[PDB]
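Contents: one structure, followed by commentary.
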Amino acid sequence: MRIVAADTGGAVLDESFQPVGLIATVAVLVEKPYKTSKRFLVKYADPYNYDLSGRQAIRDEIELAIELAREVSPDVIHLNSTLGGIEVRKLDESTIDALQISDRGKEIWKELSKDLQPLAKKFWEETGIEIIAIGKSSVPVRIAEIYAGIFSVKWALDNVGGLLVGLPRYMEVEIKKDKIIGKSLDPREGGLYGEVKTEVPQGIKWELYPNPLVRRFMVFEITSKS
Amino acid sequence: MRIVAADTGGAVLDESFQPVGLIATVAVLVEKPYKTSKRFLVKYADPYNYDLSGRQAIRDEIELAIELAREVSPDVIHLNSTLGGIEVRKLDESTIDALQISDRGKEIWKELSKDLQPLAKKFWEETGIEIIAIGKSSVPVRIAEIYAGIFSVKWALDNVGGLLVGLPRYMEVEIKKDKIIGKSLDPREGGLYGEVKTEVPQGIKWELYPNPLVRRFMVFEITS
Amino acid sequence: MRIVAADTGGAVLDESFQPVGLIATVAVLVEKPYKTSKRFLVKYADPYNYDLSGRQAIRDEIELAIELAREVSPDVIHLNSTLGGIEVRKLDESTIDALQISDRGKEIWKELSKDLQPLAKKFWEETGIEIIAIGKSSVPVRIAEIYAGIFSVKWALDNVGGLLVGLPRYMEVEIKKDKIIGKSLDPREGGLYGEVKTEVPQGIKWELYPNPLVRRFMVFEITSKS
DNA sequence: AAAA
DNA sequence: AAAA
DNA sequence: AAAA
């Protein structure tokens, strides 16, 4: 099967490792063997003017996903929200309460459905393609998340005297002359990876290391040789 | 310590990666250093006539484990159900209510005890060996699960014009000229593996890749 | 950031892999890149006269961390307890009930607070350093745990006709000629490790293998050649 | 629910 | 809450 | 509870 998925991830961190704002929203097309993506879109946010409790991320995710989906016509869209695979077009207050989720999760999504449910309904009317909230269960979602990490590092390289990027969960990045590679650190996932072309700037040093306050998350730090 | 454990696993999947039915029930003997098994039994189900919500799996498991136990006389039997290590022979509705599990889990075992508890009682009487529901905690149970995976692939090799097999959680298989090797993909488990001798047919291609719908589960695909 | 963390870990096991008692309490200093510690303290317990239930451990940990902290003046102390990051000086009957932890945990810490809360208060008054119950989230706590493992093996080597050591969760140890190395087995953690100097006695053999009754925990076993 |  |  |  052919799947379009999206995720928002990558954060600017302050010096005590507290998130300031998110960076990259990515939509990816994933096909067999479901390890990477060769066709994807990115939209950068402004992390210094970001509402971390604003939940603009998922609105960005579905729009980018639909934009990619219109170009490549997948079998399904995977949205990063763990609701058990329920179709977003079937999302009303009735079906939300029946979900096996937290009370906070139910109230976040009753408010979100007001824009997203009509969006998904119209896209389905147009194409027959469902938008499903599968979240943690989805491999395409994890691949989008890996790419959000890569594009965040690409963003950091392009916008740096010092920057701390908090990567999405247990992934690493590698810097090469003409590209950035991102890989899951979890071998249980079966070797998920991504790769993006970019020019790596001069006069900067970088390091990748564990976030001391959030175990299994890495930090990518850029410093100027100044 | 010498342990017999059992598990059912491996599923035939349709073209949209949905499970059709389970394949292999395996009982293993596990001994020090507790990384693999050299002595085991397999039972094949019919995945095309299987009730996934039917729980013949756990019934198959205890029977097979008992069959193996009678032959190799272990210290204990491990059953793949996470109930905190309570003896199956001591499982009645009284002790079931006290178990710290979901009510769905409670209603499942109220039904199961009716058959299994007398069996465990009878088996304990004969041998002194306990049958304990330990599940996720047991390394022998995970080694059986890995073997279930290997045997599912063997099943795939024996019945292939094209098949998709969903393996148990995060394990890989490698096919060599005369055998199938299965390994946990989780280095935290400390290097669990299994190996089965089988004849590999000619004229086939196979591939192993992530189930796109079930993260950390792999798919084994084989074509003629 | 500079962090002091502490943990109690390592157990003597009987022949059927049941824990008899714990071995090592360690405080560690962790600095960038937050993968290991080069400065640490250990206190060994008597595993054969130990009350597993319990809580002499946390008392030892906070004492040991304060002792290390006085020497190295960290930014914060992490105690191995997952309470959401609440300062131990702020632990009273009111705030303990507000914690999203089990009813068992709440009644336990109302008892612990009577000794620990004044201790953290006095230390904060003196230095401005908070002692926080962060637990599972802290990389420094995980590094302390690894060191607890290493020191537990050192203890076994120094006190061994046969010993079984149950290590902390998913870590391995390597014996070298003049030292013991400990490593996390989880690559998602980003390569956490430790190293402790010791003399390896003669006339003994060792093996590392899975604890069959506790999945993802390893056993370090020592046997005499006599 | 999501984020580091 | 912690421990193997 | 188990299965992918």
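Heavy atoms only: backbone and side chains are in, while hydrogens, waters and symmetry mates are out. Letters A, B, ... are given to chains in the order of the sequence lines, protein chains preceding strands, and every chain is numbered from 1.
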Nearest to the side chain of C/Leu22, heavy atoms from C-beta on, is which of D/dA4, F/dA4, E/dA3?
E/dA3

With sugar-phosphate meaning primed atoms plus P, OP1 and OP2, does C/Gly166 contact a base, only sugar-phosphate, or nothing at under 4.0 Å between heavy atoms?
sugar-phosphate

Tell me the interatomic distance from B/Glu61, atom CD, to F/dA3, atom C1', rounded to whole angstroms.
10 Å

Euclidean distance, atom CG of residue B/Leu99 to atom P of F/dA1 [Å, nearest integer]:
10 Å

Quickly work out the A/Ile62 CD1 to D/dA1 P distance and round it to whole Å.
19 Å

Minimum-distance nucleotide to A/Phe217 side chain [options: D/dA4, D/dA1, F/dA4]
D/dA4

What integer distance in Å separates B/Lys106:NZ from F/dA2:P?
15 Å

State whether C/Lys114 and C/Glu93 are salt-bridged, where the test is any N-O pair (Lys NZ or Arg NE/NH1/NH2 against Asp/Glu carboxylate O) under 4.0 Å.
yes

Taking for each residue the nucleotide of DNA chain F bearing the nearest heavy atom, is the 5' side occupied by B/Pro168 or by B/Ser102?
B/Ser102

Side chain of C/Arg169: nearest nucleotide among F/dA1, E/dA1, E/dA3?
E/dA3

Tell me which pairs pass salt bridge (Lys or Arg N to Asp or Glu O under 4.0 Å) where either residue lies in residues 99-112 of chain C, with sequence neighbours left out.
C/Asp97-C/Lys110, C/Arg104-C/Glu107

Base, sugar-phosphate or nothing for B/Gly10? Non-hydrogen atoms, less than 4.0 Å.
sugar-phosphate

How many whole angstroms separate atom CD of B/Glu145 from atom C1' of F/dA4?
11 Å

Between B/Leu167 and the options B/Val219, B/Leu208, B/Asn211, the side chain to side chain contact (heavy atoms under 4.5 Å, CB included) test singles out B/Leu208

Which one, D/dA1, E/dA1, E/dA4, comes nearest to the side chain of C/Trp109?
E/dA1

How many whole angstroms separate atom CD of B/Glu172 from atom P of F/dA4?
17 Å

Nearest to the B/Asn80 side chain among F/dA2, F/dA1, E/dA1, which nucleotide is it?
F/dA2

Do the non-hydrogen side-chain atoms of B/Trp109 and B/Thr95 ever get within less than 4.5 Å of each other?
no

Consider the side chain of C/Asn211, meaning its heavy atoms from C-beta on, and name the nucleotide among E/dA4, E/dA1, D/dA4 that approaches it most closely.
E/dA4

Go through the steps to decide whether C/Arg142 and C/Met171 satisfy the test side chain to side chain contact (heavy atoms under 4.5 Å, CB included), and finish with yes or no.
CA-CA 10 Å; C/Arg142 171 61 170 164; C/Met171 69 168 283; 4.1 Å; yes

Mind checking C/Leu52 for me? I need base, sugar-phosphate or nothing, with any heavy atom below 4.0 Å counting as a touch.
nothing

With the side chain counted from C-beta on, respond yes when C/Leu99 and C/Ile86 share a heavy-atom pair under 4.5 Å apart, and no when they do not.
yes

Describe the nucleic acid contact of C/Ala11 in one word from base, sugar-phosphate, nothing, applying a heavy-atom distance below 4.0 Å.
sugar-phosphate

Which part of the nucleic acid does B/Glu111 contact within heavy-atom distance under 4.0 Å: base, sugar-phosphate only, or nothing?
nothing

Between side-chain atoms of residues 55-62 of chain A and protein atoms elsewhere (two or more places apart, or another chain), which donor-acceptor pairs fall under 3.5 Å?
residue : atom : partner  : partner atom : Å
A/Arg55 : NE   : A/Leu52  : O            : 3.3
A/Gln56 : NE2  : A/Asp60  : OD1          : 3.4
A/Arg59 : NH1  : A/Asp115 : OD2          : 2.5
A/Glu61 : OE2  : A/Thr8   : N            : 3.0
A/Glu61 : OE2  : A/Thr8   : OG1          : 3.3

Would you say the base of F/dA1 and the side-chain of B/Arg55 have a donor-acceptor pair closer than 3.5 Å?
no

Which nucleotide in E/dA4, F/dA4, D/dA1 has an atom nearest any side-chain atom of A/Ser81:
D/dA1

How many whole angstroms separate atom CG of B/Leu79 from atom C1' of F/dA3?
15 Å

Can you tell me the distance, in whole Å, between the CG atom of C/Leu13 and the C1' atom of E/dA3?
11 Å

At under 4.0 Å between heavy atoms, what does A/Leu167 touch on the DNA or RNA strands: base, sugar-phosphate, or nothing?
sugar-phosphate

At 4.0 Å (heavy atoms only), tell me whether B/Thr8 reaches a base, stays on the sugar-phosphate, or touches nothing.
sugar-phosphate

Name the closest nucleotide to the B/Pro19 side chain, picking from D/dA1, F/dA4, E/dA1.
F/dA4

Out of F/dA2, E/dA4, D/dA4, minimum distance to the side chain of B/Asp7 belongs to F/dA2

Applying a 4.0 Å non-hydrogen cut-off, can you work out what C/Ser53 is touching in the nucleic acid: base, sugar-phosphate, or nothing?
nothing

Which is true for B/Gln56 with a 4.0 Å heavy-atom rule: it touches a base, it touches only sugar-phosphate, or it touches nothing?
nothing

Please work out if A/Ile101 contacts a base, only the sugar-phosphate, or nothing of the nucleic acid, heavy-atom cut-off 4.0 Å.
sugar-phosphate

